Amino acid sequence: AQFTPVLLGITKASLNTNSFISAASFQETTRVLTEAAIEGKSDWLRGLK
DNA sequence: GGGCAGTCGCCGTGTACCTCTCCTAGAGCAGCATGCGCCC
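Using UniProt numbering, the letters of the first sequence correspond one by one to residues 1173 to 1221.
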């Protein structure tokens, strides 16, 4: 595959985490929960918060 | 066809604690206690 490096930002990088529980409790609860429900995500409870 | 550029709508905006008040809805329908008129 090909790729290109990117520079994200403090709030864009924190909304792309692997756990939907930690992202839902930060900002934009409804959009995050809707996307997680559509994708059928699961959370394995790693890290604080 | 291929757009640039412009516009519109949604998201976000530090932490703990103390005191005073007002409100849980509002209109229809029937029961009741009161005031006043009536017949003896």
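Just so it is clear, CB atoms sit at the ideal spot from N, CA and C, and this is done for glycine as well.
- Annotated three-state conformation of residue 1175 is coil, per DSSP.
- Membership of residue 1203 in the alpha helix (DSSP H) is indicated by the continuous run 1201 to 1211.
- Counting every other CB atom within 10 Å of its CB across the protein chains shown gives residue 1178 a total below 16, marking it as exposed.
- Selection 1176, 1195, 1191 and 1212 evaluated against residue 1183 yields 1195 as nearest (Cα-Cα).
- Pairing residue 1220 with residue 1189, the inter-Cα distance amounts to about 13 Å.
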